[PDB]
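Below is one structure, written out as structure tokens, with a few remarks after it.
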Amino acid sequence: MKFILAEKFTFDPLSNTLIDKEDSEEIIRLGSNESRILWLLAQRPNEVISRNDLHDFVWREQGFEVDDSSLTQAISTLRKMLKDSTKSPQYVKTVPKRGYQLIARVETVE
DNA sequence: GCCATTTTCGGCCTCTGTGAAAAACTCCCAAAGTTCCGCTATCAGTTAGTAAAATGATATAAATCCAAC
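For the first sequence, PDB author numbering gives the first residue as 6, with consecutive numbering after it.
Shown next as structure tokens:
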């Protein structure tokens, strides 16, 4: 099933592609880790998810263990490639001591 | 040269513990000490972020080599 974020981007959890409607010619390529993190965010629309829980769901299914700086770097690359605001709450933000938040709307294509 | 008064010495080791008298108050003033509170510096504890380096994984190109005709 394909998801639409903030009526602007479209993304699918199964093929890991991003499409911007403003520039439909340029497909945006994302890494597997950030794509799975964003999909997990989309599964829970706009409610807080713990850093610990999202981290362990993303990487323990991968079969291997990494430090928690990897999560921060993945979110940094997610915000950078999406051209989301550096620290304003436009699409994705970080809520301290509680976890991570998404602001973009969820539109299931099918 | 001779009294006549001072000065100077008198063994080594070992344990040992000393409190033991003695009688004024009063007023004024300045500085140190005690305490409380506020500001400031300094550090542990924690979280998150961004750019870059490091490292591994995959990709792309050949060497050659081995089996079948």
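For each residue, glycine too, the CB sits at the ideal point set by N, CA and C.
Short Cβ contact (9 Å threshold) for residue i with residue j
i	j	result
residue 105	residue 59	yes
residue 97	residue 46	yes
residue 82	residue 31	no
residue 103	residue 53	yes
residue 111	residue 9	yes
Alpha-carbon to alpha-carbon, residue j and residue i
i	j	result
residue 88	residue 63	23 Å
residue 116	residue 95	For residue 116 there is no data in the structure shown, the boundaries of the chain being 6 and 115.
residue 29	residue 16	13 Å
residue 20	residue 33	12 Å
residue 56	residue 79	12 Å
residue 37	residue 73	17 Å
residue 69	residue 41	15 Å
The beta strand (DSSP E) enclosing residue i, as first and last residue numbers
i	result
residue 25	22–25
residue 10	8–10
residue 111	111–113
Helix, strand or coil at residue i [DSSP, three-state]
i	result
residue 116	Because the chain spans 6 through 115 in this model, residue 116 falls outside it and cannot be assessed.
Item to check | Those runs of the alpha helix (DSSP H) which lie wholly inside the stretch 43–84 and span at least 4 residues | outcome: You should have 56–64.
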